[PDB]
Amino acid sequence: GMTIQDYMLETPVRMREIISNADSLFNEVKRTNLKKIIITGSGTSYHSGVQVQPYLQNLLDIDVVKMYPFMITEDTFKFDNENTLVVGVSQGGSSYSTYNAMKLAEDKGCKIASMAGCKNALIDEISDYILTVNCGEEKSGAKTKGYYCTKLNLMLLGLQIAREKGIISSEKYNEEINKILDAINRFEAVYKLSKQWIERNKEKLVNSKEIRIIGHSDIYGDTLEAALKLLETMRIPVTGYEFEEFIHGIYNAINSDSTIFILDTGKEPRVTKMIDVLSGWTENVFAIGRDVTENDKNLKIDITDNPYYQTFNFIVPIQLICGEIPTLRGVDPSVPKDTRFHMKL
């Protein structure tokens, strides 16, 4: 069967085709009168909204919010709703959580868009703008390709609107696309170095008992996604945290059996002190970034320095762990623990 690795390796070409299809895909939605955007989805789809919302709030002149579908209630839609676009994100396209939140928004007068990873998605039937993430089929439970492609599609929605409404010129739009292409171009080199790093640290990774990931606020969504994917495939406790929030009590639970991944974006001068203190408690601290100290446990990757587009390179190493290490712990990472779990609920 197709593997997580297969899907990661085709991600660059899918992203380039998505960029090429953007003028056609967003030609209608860019022309709407918008005063607010709400991005909503469950699990990995929620993470794409968490990750890209800061970029969009920086780019656009309207409020851009992300919300779990459970947070969407009638109280979310008290004000003007005619100029609110609700973007429902679901790669499989049939999550009832997301469908239900979109249906409530529709009943309240909102404009509705869908971002599913297939044509004829369930969520498309209640959508005004079918903004398909054209990443192709991904028949693995641990989606990787789809995550990257969905974040990209959300950014292109922003750029397309920004250019149409005059926020950015045609040239600035092109400059940003070029920066995105620069990030995509680094994917395979990051993948290769990650594979080598995983091999060097194979024994400790295979013995992982519980994992925590510490990231910068600029990659908070990716930090949550890395955690969820490790949880689903390693099948042990895994949680993602922003650096400052980790300082607020999480250190209390660290012991010699703890594994910690530090996603170092270079914006936090206390990272070295954190690595030291944690290394005093566990031997399983691994740092990932452009300027980490080179030693066996660390992965030095030349990630684009743009704080937004680094999202297209940073968690590749963690996603490769999900594809490689579970197979050494008696698990096929693309098949869930219980295929009938959803049917049972």
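The numbering used is simple: start at 1 and walk along the sequence shown.
- Higher mean CA temperature factor, per the PDB entry, when comparing 76 to 84 with 164 to 172: 76 to 84.
- The deposited model assigns a higher average Cα B-factor to 262 to 270 than to the other stretch when 214 to 222 and 262 to 270 are compared.
- Reading the B-factor column for the CA atoms of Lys66, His47, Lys297, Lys35 in the entry, the top value corresponds to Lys35.
- The PDB entry assigns its highest CA temperature factor, among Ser194, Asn120, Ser208, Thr233, to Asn120.
- The entry lists a Cα temperature factor for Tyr96 that places it in the highest third of the chain's modelled residues.
- When the modelled residues of the chain are ordered by C-alpha B-factor, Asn58 sits in the middle third.
- Per the deposited record, the Cα B-factor of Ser90 falls in the middle third when ranked against the other modelled residues of its chain.
- Remark: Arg14 belongs to the lowest third of its chain, ranked by C-alpha B-factor as recorded.
- Sort the modelled residues of the chain by CA B factor and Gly280 lands in the highest third.
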